[PDB]
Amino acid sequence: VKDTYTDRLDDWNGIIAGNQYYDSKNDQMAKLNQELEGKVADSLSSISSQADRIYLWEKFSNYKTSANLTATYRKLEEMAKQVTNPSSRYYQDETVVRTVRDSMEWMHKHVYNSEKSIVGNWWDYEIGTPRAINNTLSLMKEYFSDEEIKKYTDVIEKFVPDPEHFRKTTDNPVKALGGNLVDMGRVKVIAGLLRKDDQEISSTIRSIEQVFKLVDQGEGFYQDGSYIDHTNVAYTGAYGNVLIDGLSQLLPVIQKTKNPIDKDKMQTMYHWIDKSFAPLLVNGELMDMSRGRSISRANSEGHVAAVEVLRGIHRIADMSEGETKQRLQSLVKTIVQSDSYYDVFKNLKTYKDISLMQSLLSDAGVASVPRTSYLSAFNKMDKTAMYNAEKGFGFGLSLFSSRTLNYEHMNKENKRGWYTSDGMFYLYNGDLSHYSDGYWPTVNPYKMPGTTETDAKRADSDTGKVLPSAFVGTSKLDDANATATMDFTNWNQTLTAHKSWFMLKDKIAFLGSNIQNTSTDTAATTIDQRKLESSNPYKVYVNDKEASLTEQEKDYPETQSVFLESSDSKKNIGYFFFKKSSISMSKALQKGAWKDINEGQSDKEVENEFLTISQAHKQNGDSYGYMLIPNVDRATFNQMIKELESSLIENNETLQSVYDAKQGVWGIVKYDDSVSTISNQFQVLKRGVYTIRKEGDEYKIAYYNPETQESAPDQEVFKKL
């Protein structure tokens, strides 16, 4: 029956596939159509026939493995897309129409119905498979009866009766929040439209409105831009992706139902984009520290993942107007145009998304200006993101605390993420491919960059932990200096370090003190583990003299500096040791498979060359301290390190501070409430984290207490001398 429900389903079809917008002369659209043609051809040649059948596809045949339900139904959705595309060779094809109908009936009677219970992953039973069924029925609604559509969605209502909860049919339900709550909309608003059910539509939209509230605790978006999911995991770049991607699809539909969402109540979306998402996007890449276990998926490296967010923004721009629309278009345009490594179209998977992106890129009225410098202190999820527009590098420094889980290993994914929040850092430079092309399966997981660890073996079966201490966080001065500590203890309480970072505009100081080890394992800090490009070799200098690195580790006692020199200055990396330090270095081919870190991935061997730099800590009370200086040439690095000769103010058990004389900026971390006198100019008075600027005779003060998550009045923490 044609009516206002089917009008909404037509709009949905325009969003999830966009056959109406297909243009055979549009090269990017034709490429996606060809991908879909081949998928459908492969499915048809492969499907089990005879007996009518007995499983549908051998590759997805064990129905106790719940991913096989979703993968099966997704094959049918692909058929529905092509059967309704006038330019497809399968357009209105009699075999395809009957194959979708027969396959729906077979799965209904044998695999997935209201008489079943969840076996394996609840997510397949409540989100993945329901989404695929809904979209199939929506696209092919002119080939199914209303009665058949009810029959094939009754199972969705068995598993997902309540728009406020997931896992309702299990003995242990969960409150629907975050990205999964948006998926609740793609399940229940669409099933409600298919089933002509006003109460389902209205109740589900009411439930989704929760997503617009900023939270003080628990899962969701915070005022400082943090996003938490799975109780206490930093997750903007995976679950937050689902939230923006899914909601941007649903909104044009919801807003034409009887129950539209209020404008002022949707205003929060622009907060997410500017505060939460934008800072985590560097040269088209979505920072891995925000993506949880998704880093272990070969098809979801950081520039691919970023497109989920970008397409969400561009859809939101399209539903906006005027200046808010142009500025959101301009944000997408400049991000895409900055990405010389990844082709955005490779992850635009509907014709309307392709069309919107093409419009944006060709419209000379939409500005594309390089983004300015920023520094986001995501204290509520223990991550920090920094970007310097003048020199063109990004830096990610994010951590964990008593408030947050270190890493997520779940559903057999991210088996070796053990040390990815132990003060791990990321550098985003002119090598846009660095964390891609198989970085995650080939990186040595025992030597994550920046981390101080012992060499004890770790079990793939381990799961994440919280940190004993709450003394973890960042004090930001400006919008562009800002800055951090972590009262670090390792996974088995055998090693400690006071680890601090001093973000000073064009460089970052790394200080570690109080390094202690009660184990018989050896301790060290990985200064770097950098993935190399064979096309762009580094010439390596130690103390400004060329060094030849080998697979075998070589020791360099009395090192003041290390310089990695590229033909491209925007790939150069320097390390300045404030005090001469004993380090070791190697350049080695590292091999691995994605299956090693994610049981569901390919076992094919991958390899990459890495340059590792380490500093051993053989004694209690050991220390490290060095300045990371990117994106300058060798002569300029050599001048800078002379400017910085006395930049290290203190690096002990109670006080760590670095001074940038050129800027007039100090970073300070105090672990106690002693009076600390700094540079014979002022005193700082309380345990916590400081970034201070002298401007003539005045001081600008940024203080943060990471444990109480509070600043303080200037007079409580600072005194000019």
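All residue numbers are counted from 1 along the displayed sequence.
Higher average CA B factor: 547 to 555, of the stretches 547 to 555 and 244 to 252.
Averaged over their C-alpha atoms, the temperature factors of 349 to 357 and 105 to 113 are higher for 105 to 113. Per the deposited record, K196 carries the highest C-alpha B-factor of all listed residues (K391, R371, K196, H314). When the C-alpha B-factors of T169, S294, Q82, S402 are ranked from the entry, the top spot goes to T169.
When all modelled residues of the chain are sorted by CA temperature factor, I54 is found within the highest third. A306: CA B factor in the lowest third of modelled residues in this chain (values from the PDB entry).
Looking at the C-alpha B-factors along this chain, the one for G396 belongs to the lowest third.
Ranked within its chain, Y699 lands in the highest third, by CA B factor from the PDB record. For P163, the recorded CA temperature factor ranks within the highest third of the chain's modelled residues.
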